[PDB]
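Presented below, as structure tokens, is a lone chain in the form deposited in one PDB entry.
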């Protein structure tokens, strides 16, 4: 919706509010089928130039079928070591394992006899929406076979060769993508499922009309957060599972936390201590708690809405937001790391830029027609994106976002000035406020008595 931003001068951090959530909590498994033809290379004294082209494409069709056949034994055998990869495709893997039953292929075979798509109830109680997106069996048996399976193969047609190359192309590219990916691809490509097929797949999913609108206006993100698992190739059918994300958390407030090192600015470069707020990234309200995503690369932002996968998240108490308003609060122990690294750096936020300027570094903010409009002093500062297009830190040039929104500069004393440098734990990798004050109380006790 409307994006706001608050910069906290005391902790060298900023929070971008106003975002809406779209967190994946479920999966929908669809069975995409390709009707195939099994045939044998028949001896024929092929002498017609159109015959040689058909023979070459039939070999490419058979080679694909053969590779897939090898791959059918590997896709259930791949993995098993555990981890995040196996847990992400377990819903689809469970469907692939059911399609290995004798009954099961026939059942989707019978449901797709009259229609291209139909809902099938599998033996494991999973109701899947089955698609038939390519019918190579009917094309090979109706056009290629009568033209080929006579004693004189010289009969042919030039438009039949071009059309067969057109239809067979998708099978070769689906084979190619499944070949180098051991049967599990992500994102789901157009060869794996076209946009018209995906939009038709979304419209028939057992989801609300609001979720149909959401997934149809964010197809690119839906494809990225989806998996395609190769299942089987038996009985004249090629079947693979397309695993679509289900967003069980929608329209809850999200916010992104930006952090930058906060150091003292003494002239003596060796007497400077630093601290940095940890756990930067996306936060979203979720089921009375907060879903925290440490790797912001796992979330996708599309028009002020944040698409994330819950498997890449940590569940934190709602009191974690207190670190943005009062980092010394006792409800939640806010985490910081310490250093003596007085190296300048910048962080482009949603509506501005944080600048940690230290040493002799030249840190400015410029407008391309007006020039330098702000010069950052030693320490941690912030500039809005209004009237600014460039931030320069040292030899590197950053560009601010030109998005609309209000920024609030929350003035405050930098908390690094509250610590005695002679007693400050300078190299804490993953500490907290109470942790640092605990060590400081330990060291201040030995000196006070002796």
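By rigid core we mean the largest C-alpha set that fits within 1.5 Å across both forms. Positions refer to the first chain, counted from 1.
Omitted here: the form deposited in another entry. The next part is about that form.
When both forms sit on the same rigid core, the CA shifts between this form and the one not shown reach 2 angstroms or more only at 46 out of 421, 26, 46, 394. The Cα shift for residue 115 between this form and the one not shown, taken after rigid core superposition, is smaller than 2 angstroms.
Residue 327 shows a C-alpha shift below 2 Å between this form and the one not shown [criterion: core-superposed Cα displacement of 2 Å]. Core-superposed comparison between this form and the one not shown: the C-alpha position of residue 146 differs by no less than 2 Å.
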